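Peer 1: Have a look at this one before I ask anything.
Heads up, the Cβs are rebuilt from the backbone with ideal geometry, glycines too, and the neighbour counts pull from every protein chain shown. What follows is calculated from the coordinates using simple rules that are stated; it is not laboratory data.
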There are 2 protein chains.
Amino acid sequence: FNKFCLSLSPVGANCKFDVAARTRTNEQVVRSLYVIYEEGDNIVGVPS
Amino acid sequence: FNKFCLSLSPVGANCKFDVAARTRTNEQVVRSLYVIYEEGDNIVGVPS
């Protein structure tokens, strides 16, 4: 990414993730996490 | 338009505009402005 931010308020958000409580059977959504980003190459995620 | 309204609350909104702070380089969104409208011909925007 060139930019990547997480937010608890949908202002400028580009997309959102669904936060859920996963139990023995059913998985249910409790909150949404907002994501602001710009595709690019300055920032790289890594496994470590 | 037959109808055109601006709102600060997304109830009935048909679409929204993105309000941003444009600086020397980066442009970033601060607020959203909601638009309620019906296509038609009763109301015309004008340059003056």
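Peer 1: When the residues of chain B are filtered to those that are of a type in the set (S, T, Y) and out of contact with any strand residue (DSSP E or B) (no Cβ under 9 Å at 6 or more places or on another chain), which remaining residue is farthest from the other protein chains (Cβ to nearest Cβ)? Reasoning before the result, please.
Peer 2: So the first thing to find is which residues in chain B are of a type in the set (S, T, Y), and the list is B:7, B:9, B:23, B:25, B:32, B:34, B:37, B:48.
Filter once more, keeping what is out of contact with any strand residue (DSSP E or B) (no Cβ under 9 Å at 6 or more places or on another chain): B:23, B:25, B:48.
Numbers: B:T23: 14, B:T25: 13, B:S48: 34 Å.
Residue satisfying both the conditions and the ranking: B:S48.
Peer 1: Okay, next question. Filter region B:1-13 down to the residues that are of a type outside the set (V, I, T) and without any contact (Cβ under 8 Å) to a residue 24 or more places away in the chain and list them by number. Don't jump to the end; show me each part of the working.
Peer 2: The initial filter retains those residues of region B:1-13 that are of a type outside the set (V, I, T), namely B:1-10, B:12-13.
Matches in region B:1-13: B:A13 only.
Peer 1: Shifting gears a bit: I'm trying to understand the selection: among the residues of region A:7-20, which are over 18 Å from B:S32 (Cα atoms) and loosely packed, with under 12 Cβ neighbours inside 10 Å? Let's see the steps before the verdict.
Peer 2: Taking region A:7-20 and keeping what is over 18 Å from B:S32 (Cα atoms), we get A:17-20.
Scanning region A:7-20 gives A:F17, A:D18, A:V19.
Peer 1: State the number of residues belonging to region B:21-48 that are touching a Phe, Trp or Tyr at 6+ places or on another chain (Cβ under 9 Å) and either surrounded by fewer than 10 Cβ atoms within 10 Å (Cβ to Cβ) or among the aromatic types (F, W, Y) (or both).
Peer 2: We begin by selecting, within region B:21-48, every residue touching a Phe, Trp or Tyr at 6+ places or on another chain (Cβ under 9 Å); these are B:32-45.
Filter again for either surrounded by fewer than 10 Cβ atoms within 10 Å (Cβ to Cβ) or among the aromatic types (F, W, Y) (or both), leaving B:34, B:37, B:39, B:41-42, B:44-45.
Residues in region B:21-48 being touching a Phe, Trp or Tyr at 6+ places or on another chain (Cβ under 9 Å) and either surrounded by fewer than 10 Cβ atoms within 10 Å (Cβ to Cβ) or among the aromatic types (F, W, Y) (or both): 7 in total.
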